[PDB]
Amino acid sequence: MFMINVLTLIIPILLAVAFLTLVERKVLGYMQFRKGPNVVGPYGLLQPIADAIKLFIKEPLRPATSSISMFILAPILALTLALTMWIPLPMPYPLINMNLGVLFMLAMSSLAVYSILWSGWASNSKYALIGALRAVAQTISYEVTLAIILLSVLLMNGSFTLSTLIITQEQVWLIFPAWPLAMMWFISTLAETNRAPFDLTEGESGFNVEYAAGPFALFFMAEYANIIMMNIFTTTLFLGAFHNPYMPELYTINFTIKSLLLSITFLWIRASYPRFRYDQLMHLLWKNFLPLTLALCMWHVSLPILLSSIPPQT
Amino acid sequence: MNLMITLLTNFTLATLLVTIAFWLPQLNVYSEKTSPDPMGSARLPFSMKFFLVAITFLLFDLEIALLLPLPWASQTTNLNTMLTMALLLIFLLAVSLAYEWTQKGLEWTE
Amino acid sequence: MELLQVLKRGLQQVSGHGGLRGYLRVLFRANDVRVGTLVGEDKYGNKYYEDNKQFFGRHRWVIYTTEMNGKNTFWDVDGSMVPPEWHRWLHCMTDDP
Amino acid sequence: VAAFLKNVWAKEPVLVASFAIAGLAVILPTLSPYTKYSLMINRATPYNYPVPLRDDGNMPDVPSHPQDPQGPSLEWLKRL
Amino acid sequence: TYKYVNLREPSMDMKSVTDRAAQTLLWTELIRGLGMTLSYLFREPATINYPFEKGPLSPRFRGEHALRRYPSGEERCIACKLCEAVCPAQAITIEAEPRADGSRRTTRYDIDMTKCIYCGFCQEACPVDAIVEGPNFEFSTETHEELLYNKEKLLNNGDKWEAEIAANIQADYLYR
Amino acid sequence: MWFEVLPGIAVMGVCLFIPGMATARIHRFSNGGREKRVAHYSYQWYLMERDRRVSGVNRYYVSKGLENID
Amino acid sequence: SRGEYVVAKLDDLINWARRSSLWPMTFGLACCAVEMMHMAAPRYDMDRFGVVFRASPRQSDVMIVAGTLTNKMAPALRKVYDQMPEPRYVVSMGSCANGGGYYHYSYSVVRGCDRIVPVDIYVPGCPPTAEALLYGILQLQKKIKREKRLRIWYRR
Amino acid sequence: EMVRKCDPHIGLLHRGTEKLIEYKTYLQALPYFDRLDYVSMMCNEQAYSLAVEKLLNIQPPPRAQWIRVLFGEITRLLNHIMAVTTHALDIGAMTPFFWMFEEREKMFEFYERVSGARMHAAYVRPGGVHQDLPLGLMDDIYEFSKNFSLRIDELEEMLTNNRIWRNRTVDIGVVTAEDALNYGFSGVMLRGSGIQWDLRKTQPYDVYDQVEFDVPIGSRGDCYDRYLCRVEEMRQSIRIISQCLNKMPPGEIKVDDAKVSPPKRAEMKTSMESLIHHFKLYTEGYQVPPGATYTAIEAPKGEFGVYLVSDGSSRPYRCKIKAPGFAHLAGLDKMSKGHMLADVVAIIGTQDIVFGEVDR
Ligand SMILES: CCCCCCCCCCCCCCCCCC(=O)OC[C@H](COP(=O)([O-])OCC[N+](C)(C)C)OC(=O)CCCCCCCCCCCCCCCCC
Ligand SMILES: CCCCCCCCCCCCCCCCCC(=O)OC[C@H](COP(=O)(O)OCCN)OC(=O)CCCCCCCCCCCCCCCCC
Ligand SMILES: CCCCCCCCCCCCCCCCCC(=O)OC[C@H](COP(=O)(O)OCCN)OC(=O)CCCCCCCCCCCCCCCCC
Ligand SMILES: CCCCCCCCCCCCCCCCCC(=O)OC[C@H](COP(=O)(O)OCCN)OC(=O)CCCCCCCCCCCCCCCCC
Ligand SMILES: CCCCCCCCCCCCCCCCCC(=O)OC[C@H](COP(=O)(O)OCCN)OC(=O)CCCCCCCCCCCCCCCCC
Ligand SMILES: C=C(C)[C@H]1Cc2c(ccc3c2O[C@@H]2COc4cc(OC)c(OC)cc4[C@@H]2C3=O)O1
Ligand SMILES: C=C(C)[C@H]1Cc2c(ccc3c2O[C@@H]2COc4cc(OC)c(OC)cc4[C@@H]2C3=O)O1
Ligand code: SF4
Ligand code: SF4
Ligand code: SF4
């Protein structure tokens, strides 16, 4: 019975990631005064199916690798970490209800940079290794503000429990007392997933240009399996929905609608701006987000003490 | 226990899909390719700035590790001492950032 | 409300292709279901439609026949299936069919 | 004092907001009247068992029952 | 008679400095850009439904070559080789002889459609309106030499498209 | 027009609705028609194992009330 | 028989998935790239056919040789073709890619890219219209549609 | 991160255009100029046509001059839409590419209606233009131009005040004016550096002395001022197109010297002199008198010049093609020193480099 719960978690994750490609192409199409796919399925609904089948029957490279084993371990770690991020997400009840789900997700998302690093190792191209090192330094830069913003908010939560965060926002959204944290958090999750304006894997050649259609479709989909997750995590963190314990699907419809609107907000951001130069987003993290994030972390340390609003431990 | 079941299931599904991806087009006998990069064969030069941003991440990540028990530390009965040490730790993180600023350590990846 | 007029125009697009069978037929063959005025039909079965309220480029279209010169063209419709007397009209080289 | 402040607010408004929020976070718990109640609520939260006392004969300030009027009360918390 | 793009000094009163810092910290121009992109989300797109809808063309359009005939069936071409003299790519190869009734006609008329630059100098050099560059643009092949047209393919393009070429020349001969 | 993107968004929304409604129905099924007991803390685990003992059928969720005492 | 019907349905499936998910490399040489962009533009909109541009030849399916192939570039074009995973297709676009065109008799121009790469669809024009390039891409899709890979594999 | 040296290797589109021109007539050599700067087709046609007409000692009729200026400013819109939107597409802004190529599609419909080809028209010819405007064309050019300002306004909404766009352009690609003149830069590459030089004002050709327009002048010489100069040149091109549509005269569209421009097809089929002249123009071509001109125009990338040498025959002896992008890409090495690799692609975008004109 628990295995049925695991499968109804992880198979709809891959289906939602598949149709997120269609939603991306359609929404980017209409924002660009054109259409997205509408030929392959009715309203393009068979486009991700045809695309996944097309990739799975292309010839892989199997190049001269510095490591064959890490060439294999990069998609496996990517998909495994991209699927295990979803297991403490309370919607309204989680698969694994753990006391430290927030810190769990922070640690497992910190583990995701090894996919980028091993994919840069496995290609013998030294320029792909350079781009992988730039991607890793980008991701570990924005993990700092992820950790500190998340700590500042959990100072208003009371615990590391993700299901407590629904109880925290029963009166007000947590974007109202923490919108500067929310906007730096949202841009930092945008910079975590190598997503535009923070993507540096299409132009000055990325870390996963060595992969062609066997592992690539897996990498990509693991990457989008992070993106929805991060928005769902943002939905739990700043836009907490109403939970009726006798009708849990009210919460499930409400957080699903908010997470869809936030993933579409990612799509609507990448269709609206140019990219950063690499040192410009390093300037954005280390000189603009990090002083504000430290200042607001001091503010959210001292603020529940000065208002007598320290949240419950349990 | 159910957690290990979930982790093992995700690793199993990932290994299944990766093996099918690596070996369903290896059923094909497409063609045998010989195929005889921006740099040709030059050795990868060390970039000092990339190492500096990695160590700056490591040290600020340790300062984050000190900051992590604060939601539990707000439940103490010694709140004056706790608030003082919390503001002191975030201030020392800010001082490490200010020294990293003013000594030009955050330059060309600013 | 002006959303009711939108849903009623969609339902009469369903009713305007001769029911659900014709609606799904033109939806899967054409990937477009809007209705127009039948301007004509050639000796092959290509049907030519106007809608002057659509914008310039959408305002004239062909539904290709399902069988032309012995070839099944239910799915394999072709841009060069248009005969030359309708090729001026469909490419807007003239106002007159 | 306002020329340098307007200059840094025109050049570096991120750092002005940072130093201002940091200064408020430092100095404001020493000025808030509610900082006493944080301490009071965190000591009123009974994580452990209230281990009873052996009645020696003379402890008037200790109750004999939870519903007795003597002892610590939390009416300051029920009102706030 | 000249103007200076980007020669504005921003105002330095507290109103404008606070406006610029609210733009910096609260991201006003970025929300402007998101709003312009959302404004295009709710527009009808410009996409036509090819091949069921076609891009608009004029009767001057320069597409696939064809040889025309008179309204008696006699072909218009009298082998004068003006089209291959004017041809900027040397795409036209003509050989002629007097045929059995003594008429001046071609024995070879080749147009390499892979040398041809589709500029239409041949149709405007032609004194009898024989070679024309017709309305067809949908003639992609799977083989290189299927675009190496000889006289038979060109006379068949004339016989194929004459019902349309005659109307385009009817609509455009008074501009010529 | 812009309502053409809504079938893909609706399919993706159903795919995001399935895990939550699934785990809600499974937790109601496996726990006697009720929510799964949350045991983050050892007191919660002690009460839950005491429920498993006092139920008599080796299930924490089988509740016994005043009818179980004389 | 039965296995003949099985491999026929499997050929239809894999041909459907390959023709309906073509990925050209965003790679233009000369004036034909402008019209290839107009076929990427909103009026024609190749993305609604499942036809997207990708930067790398590793995640690409068809090489649209759109422009003049000179003598100085032909090894780079061949290297781009050799980095593409199979099944890879080539659409020669325009007169210079087809047979040299206006620069046919030049000292520096490869007379047709079919001296360098095998070519599947020759699209004629100088440039062909963007509508004509989309015609060539749909003819490429119909060519992929009638491929008989598993039927020939089952008969060999 | 720093760029010490940038060595561009070109010749990948070198096709030997101007050796092929020496073996073709003047009319046969005209369509090579469409294919040099292949987003500026009729501008290069106009440059070569002015060169040939200067060697022929003839002049086009006034209506042909106004059609040349009208379609040259439509061409300037085409080239700056290509320039700005691909310069934004490389930096990352991919959406106004799609927003502005529909207006560019409508202008290609204008080329197709006037000539029959969407890009390489071969329309502006020495002696006038090939063919008169079709009836109803100028109304549609009016309906395009009346609405094009809002398209520029929403492009400029998406880029000009954007902080990510400004951080990729403002400190980047600074050229001092003296080094811009010494490196042979022209067009926006000069006028971004504050130089008040535009060949439509200073050395005016066909009827540019009769149209009223402004010349946008940069102040800092960076990528951002050159961007704003191209946006305001699109604005002033809309101004010129409004004036050309209001002031189009009647009359003929070729020079009525029938030893240069071919006669009408009705009179070629009636008159003996017209058939002889049609024959000899479309086989031999007109003889150009011996001599060498350097005729330059203000094409939308800069000074586009032809050094054309006739030996008296009906074929050019020599045809050197001065393109702006050649000297601009030569100056790329100086413009990129002290910048980064993601800045060099912005410099390559703001020098509007099309390698057809770079390589010939
Ligand atoms: C989670 C839900 C969604 C959240 C909101 C996000 C949705 C909208 C997204 C829009 C598109 C964004 C795309 C990425 C953009 C990245 C670039 C960018 O914006 O850089 C950030 C820019 C960086 O600066 P910059 O790049 O604009 O300028 C260059 C930097 N200097 C000036 C140093 C040269 O701004 C910030 O860092 C601001 C971050 C948030 C600030 C929050 C301030 C709180 C206010 C406190 C009070 C202040 C008043 C004074 C004191 C009062 C005391 C009582
Ligand atoms: C190259 C090698 C292969 C690489 C690919 C595969 C590995 C990477 C992807 C998988 C990562 C596995 C991470 C597993 C542990 C995560 C942390 C964790 O368990 O936290 C959750 C929870 C803590 O919360 P709490 O509520 O206190 O616990 C219940 C008590 N009431 O704790 C619990 O609930 C405790 C449950 C029992 C103990 C669980 C132990 C799990 C197995 C150990 C790790 C296995 C993976 C080893 C490799 C890691 C990566 C290198
Ligand atoms: C006491 C309160 C708590 C203080 C400790 C906590 C701070 C929280 C924020 C942490 C920030 C960490 C990094 C700080 C570095 C400061 C030094 C600095 O940045 O100096 C350089 C800068 C000029 O910038 P530059 O060197 O060119 O850098 C590239 C950007 N152009 O020059 C500047 O930017 C000038 C900076 C000084 C002036 C700032 C004045 C702000 C006033 C706000 C209102 C009053 C707040 C009360 C506290 C007083 C603060 C001065
Ligand atoms: C959580 C929600 C998840 C939802 C995921 C799925 C979303 C999309 C759902 C399907 C949408 C409609 C699909 C219709 C496809 C086209 C059908 C069709 O008519 O195909 C025609 C084709 C050839 O027909 P033929 O007979 O040759 O025509 C000659 C006529 N004289 O005939 C054929 O190709 C053969 C028939 C093919 C039918 C394929 C239908 C789609 C299959 C998709 C797989 C997933 C289905 C849903 C799974 C969850 C629900 C159970
Ligand atoms: C014993 C018998 C069974 C033997 C084993 C076979 C099992 C079933 C395999 C799948 C179905 C096989 C048939 C495949 C399609 C055949 C018919 C066909 O080609 O129809 C063409 C039609 C599109 O026509 P087209 O020319 O593209 O239209 C142009 C627009 N005017 O096409 C359409 O309208 C739509 C075609 C849809 C094809 C089916 C749907 C995709 C496959 C779903 C199952 C596999 C993938 C599962 C999910 C993977 C993860 C996403
Ligand atoms: C996971 C499934 C079902 C399929 C669908 C799919 C892949 C793998 C990769 C991709 C993909 O869908 C889209 C395809 O088109 C573009 C086009 C893009 O830009 C034009 C773009 O830019 C980031 C991204 C993409 C996706 C992309 O890389 O596997
Ligand atoms: C990404 C999309 C949707 C468009 C834009 C685009 C293509 C396809 C190909 C290319 C491209 O743009 C880049 C940059 O701009 C030019 C401009 C060119 O000439 C003006 C040129 O000539 C070869 C080549 C290019 C690139 C090129 O190969 O599709
Ligand atoms: S259109 Fe031009 S290149 Fe083609 S055959 Fe005619 S004259 Fe020659
Ligand atoms: S097609 Fe015309 S120009 Fe060419 S040889 Fe024949 S008659 Fe002369
Ligand atoms: S075939 Fe012609 S128009 Fe096309 S790229 Fe070549 S020269 Fe340019």
# chains A, B, ... in the order shown; residues from 1 in each chain; ligands from 1
$ interface_residues --of "chain D" --to "chain E" --cutoff "7 Å" --atoms "only C-alpha atoms" --output "list in words"
residues 10, 13 and 14 of chain D
$ interface_residues --of "chain A" --to "chain H" --cutoff "7 Å" --atoms "only C-alpha atoms" --output "PyMOL selection string"
chain A and resi 32-33+204+271-277
$ interface_residues --of "chain C" --to "chain H" --cutoff "12 Å" --atoms "only C-alpha atoms" --output "ChimeraX atom specification"
/C:56-57,92-93
$ write_last_selection --atoms "C-alpha atoms" --output "PDB file, in the first residue's frame"
ATOM      1  CA  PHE C  56      -5.076  38.685 -43.463  1.00  0.00           C
ATOM      2  CA  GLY C  57      -3.550  35.251 -43.914  1.00  0.00           C
ATOM      3  CA  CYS C  92      -4.146  36.029 -52.406  1.00  0.00           C
ATOM      4  CA  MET C  93      -2.830  36.891 -55.850  1.00  0.00           C
TER       5      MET C  93
END
$ residues_near_ligand --ligand "ligand 10" --cutoff "8 Å" --atoms "only C-alpha atoms and all ligand atoms" --output "list in words"
residues 117 of chain E; 29, 30, 31, 32, 33, 66, 67, 68, 93, 94, 95, 96, 97, 98, 100, 101, 102, 103, 124, 125, 126, 127 and 128 of chain G; 35, 38, 119 and 120 of chain H
$ write_last_selection --atoms "N, CA and C atoms" --output "compact mmCIF listing (two decimals), in the first residue's frame"
# COMPACT_ATOMS: atom_id res chain seq x y z
N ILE E 117 19.18 31.96 -59.90
CA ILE E 117 19.07 32.85 -58.75
C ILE E 117 17.70 33.46 -58.63
N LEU G 29 24.38 29.92 -42.92
CA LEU G 29 25.61 30.29 -43.61
C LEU G 29 25.53 31.65 -44.27
N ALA G 30 24.44 31.94 -44.98
CA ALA G 30 24.32 33.12 -45.83
C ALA G 30 22.85 33.54 -45.83
N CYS G 31 22.40 34.19 -46.91
CA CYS G 31 21.10 34.87 -46.95
C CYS G 31 19.93 33.95 -46.66
N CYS G 32 20.09 32.65 -46.92
CA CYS G 32 19.05 31.67 -46.62
C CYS G 32 18.74 31.57 -45.13
N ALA G 33 19.71 31.91 -44.28
CA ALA G 33 19.45 31.92 -42.85
C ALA G 33 18.41 32.96 -42.46
N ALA G 66 21.84 26.12 -45.01
CA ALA G 66 21.10 27.29 -45.48
C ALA G 66 22.10 28.38 -45.83
N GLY G 67 22.61 28.33 -47.05
CA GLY G 67 23.57 29.33 -47.45
C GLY G 67 24.71 28.76 -48.25
N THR G 68 25.65 29.61 -48.62
CA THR G 68 26.72 29.20 -49.50
C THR G 68 27.78 28.45 -48.71
N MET G 93 19.19 24.04 -48.48
CA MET G 93 18.31 25.18 -48.66
C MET G 93 18.97 26.19 -49.58
N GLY G 94 18.33 26.47 -50.71
CA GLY G 94 18.78 27.52 -51.60
C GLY G 94 19.75 27.05 -52.66
N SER G 95 19.94 27.91 -53.67
CA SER G 95 20.68 27.53 -54.87
C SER G 95 22.16 27.30 -54.60
N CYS G 96 22.76 28.00 -53.64
CA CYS G 96 24.19 27.78 -53.42
C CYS G 96 24.44 26.48 -52.67
N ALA G 97 23.56 26.15 -51.73
CA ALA G 97 23.65 24.86 -51.06
C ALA G 97 23.33 23.72 -52.01
N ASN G 98 22.38 23.94 -52.92
CA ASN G 98 21.99 22.90 -53.86
C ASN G 98 23.08 22.63 -54.89
N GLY G 100 25.60 25.47 -55.97
CA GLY G 100 26.54 26.56 -56.13
C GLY G 100 25.89 27.89 -56.44
N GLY G 101 24.77 27.85 -57.16
CA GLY G 101 23.95 29.00 -57.45
C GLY G 101 24.64 30.11 -58.21
N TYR G 102 24.68 31.28 -57.59
CA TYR G 102 25.22 32.47 -58.22
C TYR G 102 26.72 32.50 -58.18
N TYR G 103 27.32 31.62 -57.40
CA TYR G 103 28.75 31.56 -57.18
C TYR G 103 29.28 30.21 -57.61
N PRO G 124 14.65 24.47 -53.46
CA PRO G 124 15.12 25.42 -54.47
C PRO G 124 14.58 26.82 -54.26
N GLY G 125 15.37 27.78 -54.72
CA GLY G 125 15.07 29.19 -54.55
C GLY G 125 16.35 29.94 -54.26
N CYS G 126 16.28 31.26 -54.41
CA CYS G 126 17.39 32.14 -54.05
C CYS G 126 16.87 33.44 -53.43
N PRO G 127 16.50 33.41 -52.14
CA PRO G 127 16.32 32.24 -51.29
C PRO G 127 14.97 31.64 -51.62
N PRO G 128 14.73 30.39 -51.26
CA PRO G 128 13.35 29.93 -51.22
C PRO G 128 12.61 30.74 -50.18
N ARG H 35 23.12 40.16 -52.46
CA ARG H 35 23.61 39.03 -51.71
C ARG H 35 24.86 39.35 -50.92
N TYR H 38 22.82 41.02 -47.04
CA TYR H 38 21.55 40.39 -47.33
C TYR H 38 20.49 40.68 -46.30
N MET H 119 13.35 38.90 -50.68
CA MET H 119 14.63 39.48 -50.29
C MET H 119 15.40 40.08 -51.45
N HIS H 120 15.83 39.26 -52.41
CA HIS H 120 16.77 39.74 -53.42
C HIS H 120 15.95 40.21 -54.60
$ residues_near_ligand --ligand "ligand 2" --cutoff "8 Å" --atoms "only C-alpha atoms and all ligand atoms" --output "ChimeraX atom specification"
/A:73,76-77,80-81,84,96-101,104,108,111 /B:1-4,7,11 /F:39-42
$ residues_near_ligand --ligand "ligand 8" --cutoff "6 Å" --atoms "only C-alpha atoms and all ligand atoms" --output "short mmCIF file (atom, residue, chain, number, x, y, z; two decimals) with C-alpha atoms, in the first residue's frame"
data_model
loop_
_atom_site.label_atom_id
_atom_site.label_comp_id
_atom_site.auth_asym_id
_atom_site.auth_seq_id
_atom_site.Cartn_x
_atom_site.Cartn_y
_atom_site.Cartn_z
CA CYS E 87 21.15 34.99 -67.29
CA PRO E 88 23.30 36.15 -64.36
CA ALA E 89 24.13 32.62 -63.24
CA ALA E 91 21.64 28.69 -65.73
CA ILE E 92 20.07 28.48 -69.21
CA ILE E 111 17.45 25.52 -66.75
CA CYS E 116 19.28 29.81 -61.00
CA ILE E 117 19.07 32.85 -58.75
CA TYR E 118 15.35 33.36 -59.38
CA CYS E 119 15.82 37.00 -60.37
CA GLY E 120 13.54 36.88 -63.40
CA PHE E 121 15.87 38.57 -65.88
CA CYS E 122 15.05 35.82 -68.38
#
$ residues_around --residues "residue 78 (chain C)" --least-positions-apart "4" --cutoff "10 Å" --atoms "only C-alpha atoms" --output "NGL selection string"
(:C and (64-65 or 73 or 82)) or (:E and (50-52 or 138)) or (:G and (135 or 138-139 or 142))
$ select_by_dssp --residues "region 1-134 of chain G" --states "helix (DSSP H, G or I)" --output "PyMOL selection string"
chain G and resi 3-19+32-40+46-49+74-82+95-99+101-103+113-115+130-134
$ residues_near_ligand --ligand "ligand 4" --cutoff "7 Å" --atoms "only C-alpha atoms and all ligand atoms" --output "ChimeraX atom specification"
/A:41-42,45-46 /C:28,74 /F:11,14-15
$ write_last_selection --atoms "N, CA and C atoms" --output "short mmCIF file (atom, residue, chain, number, x, y, z; two decimals), in the first residue's frame"
data_model
loop_
_atom_site.label_atom_id
_atom_site.label_comp_id
_atom_site.auth_asym_id
_atom_site.auth_seq_id
_atom_site.Cartn_x
_atom_site.Cartn_y
_atom_site.Cartn_z
N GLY A 41 -0.25 16.48 -31.24
CA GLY A 41 -1.48 16.06 -30.63
C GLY A 41 -2.56 17.06 -30.94
N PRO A 42 -3.80 16.78 -30.55
CA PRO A 42 -4.80 17.85 -30.48
C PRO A 42 -4.36 18.84 -29.42
N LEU A 45 -0.90 17.97 -27.52
CA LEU A 45 -0.84 17.13 -26.33
C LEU A 45 0.00 15.87 -26.52
N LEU A 46 0.36 15.51 -27.75
CA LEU A 46 1.22 14.36 -28.00
C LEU A 46 2.64 14.77 -28.33
N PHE C 28 -8.40 16.95 -36.31
CA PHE C 28 -7.20 16.15 -36.46
C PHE C 28 -6.56 16.31 -37.83
N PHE C 74 -5.65 11.50 -46.50
CA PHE C 74 -6.38 11.81 -45.27
C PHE C 74 -5.45 12.45 -44.25
N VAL F 11 -3.72 19.28 -18.01
CA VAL F 11 -3.13 17.95 -17.88
C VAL F 11 -2.02 17.95 -16.84
N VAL F 14 -3.63 18.08 -13.40
CA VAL F 14 -4.09 16.77 -12.95
C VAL F 14 -2.91 15.92 -12.49
N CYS F 15 -1.79 15.99 -13.21
CA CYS F 15 -0.59 15.26 -12.80
C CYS F 15 -0.02 15.78 -11.49
#
$ interface_residues --of "chain G" --to "chain H" --cutoff "6 Å" --atoms "only C-alpha atoms" --output "ChimeraX atom specification"
/G:31,41,70,72-73,108-109
$ residues_near_ligand --ligand "ligand 1" --cutoff "6 Å" --atoms "only C-alpha atoms and all ligand atoms" --output "ChimeraX atom specification"
/A:180,182-184,186-187,269,284,288-289 /D:12,17 /E:24-25,27,30-31
$ interface_residues --of "chain E" --to "chain G" --cutoff "12 Å" --atoms "only C-alpha atoms" --output "JSON, numbers by chain"
{"E": [44, 45, 46, 47, 48, 49, 50, 51, 52, 53, 54, 55, 56, 57, 61, 62, 63, 64, 65, 87, 88, 89, 90, 91, 111, 112, 113, 114, 115, 116, 117, 118, 119, 120, 133, 135, 136, 137, 138, 139, 140, 141, 142, 143, 144, 145, 146, 147, 148]}
$ atom_distance --atom1 "atom 20 (O, counted along the ligand's line) of ligand 3" --atom2 "CA of residue 133 (chain A)"
28.5 Å
$ decode --residues "region 79-91 of chain G" --atoms "C-alpha atoms" --output "PDB file, in the first residue's frame"
ATOM      1  CA  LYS G  79      32.545  18.049 -38.706  1.00  0.00           C
ATOM      2  CA  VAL G  80      29.108  19.428 -37.750  1.00  0.00           C
ATOM      3  CA  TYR G  81      27.489  16.616 -39.760  1.00  0.00           C
ATOM      4  CA  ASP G  82      29.749  14.023 -38.120  1.00  0.00           C
ATOM      5  CA  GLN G  83      28.821  15.177 -34.620  1.00  0.00           C
ATOM      6  CA  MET G  84      25.111  14.591 -35.231  1.00  0.00           C
ATOM      7  CA  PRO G  85      23.590  11.396 -33.802  1.00  0.00           C
ATOM      8  CA  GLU G  86      21.805   9.087 -36.168  1.00  0.00           C
ATOM      9  CA  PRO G  87      19.223   9.248 -37.683  1.00  0.00           C
ATOM     10  CA  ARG G  88      20.396  12.619 -38.994  1.00  0.00           C
ATOM     11  CA  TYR G  89      18.920  14.382 -42.002  1.00  0.00           C
ATOM     12  CA  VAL G  90      20.132  17.168 -44.286  1.00  0.00           C
ATOM     13  CA  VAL G  91      17.969  19.810 -45.940  1.00  0.00           C
TER      14      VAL G  91
END
